[PDB]
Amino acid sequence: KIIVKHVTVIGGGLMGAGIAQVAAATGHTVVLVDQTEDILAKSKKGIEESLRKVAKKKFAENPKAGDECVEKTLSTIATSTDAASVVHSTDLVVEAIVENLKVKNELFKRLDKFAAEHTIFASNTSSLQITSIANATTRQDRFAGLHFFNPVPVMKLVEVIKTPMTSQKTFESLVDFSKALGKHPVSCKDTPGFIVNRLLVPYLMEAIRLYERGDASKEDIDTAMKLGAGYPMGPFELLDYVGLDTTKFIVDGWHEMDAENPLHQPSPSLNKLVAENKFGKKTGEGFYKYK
């Protein structure tokens, strides 16, 4: 089989860094790629901090081993500002860069010429169709979606997205990898939203619309889903959490794709917040104000 051992993660964002961190943490040799050394420096530092916060809790009875474990994981993460040189022999390429098709297709089209033969390609994209990216290459059978959730290092779920062209061996390789990461892989076809976002996002929009109709308050709607349906967070608390701009972008993506479906109709209230840079917790204000 194609046992993934060496992994190339392109993108130093929280997602990219999280994926690198878990892979590093489970015995994989990792190479994190990005545009500048400064970015890489920060991202890796981010991983270092995250890794220590956990070690100070698990290795409280023996801090020596803790620092060891942390050092061993950091050193298994390498950095580079040139993907082409790195992917010449990597087993897997996981992409987690800006959510723009053009940009993504250039990268992979390029990497598809330097990457080894067996190299599997996979995107972590939330607002695009895997198939649209895989066709920017000729490695389609080795192209798939590998969708994670934030905080990557904590969230055990990973959606192994298989396209009609994706190989069966490719699928099984990503399923075994996901487990090797200590994750729980679920399967899904290259359909907009896959499983989680497909069922979670529209619901959130629905909650926003119910509020705009004047039928209930955001507070009561939140109390309602927590106490009535046993949810961790009400839809509004959750929106601020996952990011209002992040949500808007994804919905607009489906909206533009299917202008008729009423489920993807824009929300004036959502749009307003986004326009006036009120993205949620990551700006101290979304539907609610923070800190």
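When you see a residue number, it is the position in the sequence shown, counting from 1.
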Between 51-59 and 25-33, point out the one with the higher average CA B-factor as the PDB entry records it. 51-59
Is the mean CA B factor in the deposited entry higher across 197-205 or across 165-173? 165-173
Between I10, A20, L14, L273, where does the Cα B-factor run highest in the record? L273
In the PDB entry, which of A259, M225, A41, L238 has its C-alpha at the highest B-factor? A259
Among the modelled residues of its chain, the C-alpha B-factor of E159 falls in the third labelled lowest
Assert third(CA B-factor, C188) within chain per record equals middle
How does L107 rank on Cα B-factor within its chain, lowest, middle or highest third? highest
Just say lowest, middle or highest third for the CA B-factor of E117 relative to the other modelled residues in its chain. highest
Where does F249 sit by CA temperature factor within its chain: lowest, middle or highest third? middle
